[PDB]
Amino acid sequence: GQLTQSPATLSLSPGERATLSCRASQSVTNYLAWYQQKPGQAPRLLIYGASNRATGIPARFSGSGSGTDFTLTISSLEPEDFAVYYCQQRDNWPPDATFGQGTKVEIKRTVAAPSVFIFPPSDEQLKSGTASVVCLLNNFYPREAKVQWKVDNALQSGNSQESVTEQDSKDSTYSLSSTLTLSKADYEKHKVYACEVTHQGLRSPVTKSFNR
Amino acid sequence: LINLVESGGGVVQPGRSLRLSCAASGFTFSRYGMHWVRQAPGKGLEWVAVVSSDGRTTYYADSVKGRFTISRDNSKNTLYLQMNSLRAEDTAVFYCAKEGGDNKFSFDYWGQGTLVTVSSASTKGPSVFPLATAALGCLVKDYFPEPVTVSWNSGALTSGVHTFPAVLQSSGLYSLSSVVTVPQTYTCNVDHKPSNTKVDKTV
Ligand SMILES: C[C@@H]1O[C@@H](O[C@@H]2[C@@H](O)[C@@H](O)[C@@H](CO)O[C@H]2O)[C@H](O)[C@H](O)[C@H]1O
């Protein structure tokens, strides 16, 4: 009925031991299964019956547990083990399968503050009738980052969407884009547009702004 | 050897129907129960339904019963998912999975997945606007549906490029940003197949 995985994210380096776990809501009659999933691909069975390795699964993957607690262990992480892992449960009847909400194994690296950039709406877009303000957070680590939009000091809420890239293959950092959407008439009624960024690599928040 | 191949996904309006197929080879199809498992964007796995090894008994997730019906043809080695009264919440990648040989409560093989997009928006090419260490980029806005490819300087500029995942705006249209940091000319080559839209944008 309910499967809960923890932790939500695991930041390790290649060669380290990864330990993830699933807590079943009730006692489980049918020994859990584990799956590995990489971006854009189908899940692939790793562990079935709690301790058995599916066919073609290297020895470094191990599972154990019984009743309500199960653990998936990767004795030593290889570059290809950085992915998302799901645990799964299923009975004879009712037949529905239930899945854990997933644990992401991510690459550990040193702290790196983002360099911030703010882009005004292009005149081109303004003559289309719309206004998009963009705040870029470039090459930072760790993932956690906070973007706060302000228009003439008015906190903006509900009118921005952000997007984040996967860990860069070279430096292992993340990049995030935040777009503030406004009707252009709205955009034209204001002066100061600012994006304040909070991140562990920064000792004080950084704000990039421009005057219309 | 063992293999599952799906087809049938597509972009559809709400209220319409789609039918998913999953052809199996490499094992005796008639012996195992088969399931459909979906994964909405930015989400985890969410079981959808199953049909017994002999197509006689079916079971559904509550969000789909009365609309979706799962069935099979053991003489064709094909699993189906008839989807009716599709709603926006349904868009996701749908996978077919086989109950395992050693343990039937695990899924040992999965199809590559088939995309189901349900939206009342119609096909539209994007408008590309300029985004002007230093950074610059291109805002590839208001297009439908996915995907769009972005490259810089016909593919000759690659270091420092960050092409962000598309975001679904409240208008039903997608939007994405592609930027590049430079410590020369800069052009984003945007391609949106679904609508034959192509733009080389010099920033
Ligand atoms: C859909 C099907 O549902 C369950 O099948 C079992 C079956 O193995 C028998 O045990 C029957 C009849 O008494 O009970 C059913 O519950 C299992 O979940 C199968 O794996 C599914 O394919």
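Read-outs throughout are calculated quantities, based only on the coordinates presented, and are distinct from any laboratory measurement. Counting neighbours? That spans all protein chains shown, and the Cβs are built from the backbone with ideal geometry, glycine included.
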Original post:
How compact and how long is the protein assembly as shown, expressed as Rg and Dmax of its alpha-carbon atoms in Å?
Top reply: 23.7, 69
Subject >> Assigned charges on the beta-carbon of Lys, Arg, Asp, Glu; the range A:118-212 dipole about Cα centre (debye) >> reply: 280 debye
Original post:
Considering the alpha-carbon set of the range A:60-121 alone, what are its Rg and its Dmax in angstrom?
Top reply: 18.9, 58
Original post:
Can you give the relative contact order of the range B:1-120 as a percent, counting alpha carbon pairs under 8 Å and 6+ residues apart?
Top reply: 35 percent
Subject >> the range B:158-203: equivalent-ellipsoid semi-axes (sqrt of 5 x gyration tensor eigenvalues, Cα, Å) >> reply: 23, 15, 8
Original post:
Restricting attention to the range A:132-196, which GluC sites (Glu not before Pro) occupy a DSSP loop and are surrounded by at most 14 other Cβ atoms within 10 Å?
Top reply: A:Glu144, A:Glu166
**OP:** Would you compute, for the Cα atoms of the range A:1-109, the largest minus smallest coordinate along each principal axis and list the three values in descending order, in whole Å?
**Re:** 44, 27, 27
**OP:** Select from the range B:39-78 those trypsin sites (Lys or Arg not before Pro) which occupy a DSSP coil region and have at most 15 other Cβ atoms within 10 Å, ordered by residue number.
**Re:** B:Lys43, B:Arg56, B:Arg67, B:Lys76
**OP:** Using all C-alpha to C-alpha distances in the range A:65-183, build P(r) with 5 Å bins and read off the rounded percent in each one.
**Re:** 2, 8, 14, 13, 13, 11, 11, 9, 8, 6, 3, 2, 0
Subject >> Rounded to whole Å, sorted largest first: equivalent-ellipsoid semi-axes of chain B, Cα gyration tensor >> reply: 41, 19, 13
Subject >> Beta bridges per DSSP with both ends in chain A, % antiparallel, nearest 5 >> reply: 95 percent
**OP:** Just flag the trypsin sites (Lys or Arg not before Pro) in the range A:75-132 sitting in loop per DSSP whose Cβ has no more than 12 other Cβ atoms within 10 Å.
**Re:** A:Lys127
Original post:
Roughly what % of DSSP beta bridges within the range B:6-163 run antiparallel, to the nearest 5?
Top reply: 90 percent
Original post:
So what are chain A's ellipsoid semi-axes, whole angstrom, largest first, if each one is the square root of 5 times an eigenvalue of the alpha-carbon gyration tensor?
Top reply: 44, 20, 14
**OP:** Report the local net charge at A:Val84: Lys and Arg +1, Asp and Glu -1, summed over other residues whose C-beta lies under 15 Å from its C-beta.
**Re:** 0
**OP:** Take every Cα pair under 8 Å in the range A:1-109 that's 6+ residues apart, average their separations, divide by the length, and report that relative contact order as a whole percent.
**Re:** 37 percent
Original post:
What ranking of B:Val50, A:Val206, B:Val5 emerges when the number of other C-beta atoms within 10 Å of each C-beta is taken as an exposure proxy, fewest first?
Top reply: B:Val5, A:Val206, B:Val50
**OP:** Among the listed pairs B:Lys65/B:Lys198; A:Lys127/A:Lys208; A:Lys189/B:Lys201; B:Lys76/B:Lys198; A:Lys127/B:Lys193, give every one whose C-alpha distance is greater than 31 Å.
**Re:** B:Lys65/B:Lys198; B:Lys76/B:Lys198
Subject >> Net charge contributed by nearby residues that have their C-beta within less than 11 Å of A:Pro58 (K/R +1, D/E -1) >> reply: -1
**OP:** Can you grab the distance from the C-alpha centre of the range A:1-73 to the C-alpha centre of the range A:156-170, Å, no decimals?
**Re:** 28 Å
Original post:
Taking +1 at the Cβ of each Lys and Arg and -1 at the Cβ of each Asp and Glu, which of A:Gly63, A:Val84, A:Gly1 sits farthest along the dipole of the range A:1-109 towards its positive end, judged by Cα position relative to the Cα centre?
Top reply: A:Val84
Original post:
Kirkwood hydrodynamic radius (Cα pairs, Å) of the range B:109-184?
Top reply: 14.2 Å
Original post:
Suppose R0 equals 51 Å; then what is the FRET efficiency for A:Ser75 and B:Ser25 from their Cβ-Cβ distance, rounded to the nearest 0.05?
Top reply: 0.90
Original post:
Relative contact order for chain A: what is it in percent, counting Cα pairs under 8 Å that are at least 6 residues apart?
Top reply: 18 percent
**OP:** Would you compute, from DSSP H runs of 4+ residues alone, the mean residue ellipticity of chain A at 222 nm, taking -39500 (n - 2.57) per run and dividing by the full residue count, rounded to the nearest 500?
**Re:** -500 deg cm²/dmol
**OP:** Would you tell me the mean number of C-beta atoms belonging to other protein chains that fall within 10 Å of each C-beta in A:155-163, as a whole number?
**Re:** 2
**OP:** Return the average number of partner chain Cβ atoms within 10 angstrom of each residue Cβ along peptide A:88-100.
**Re:** 5
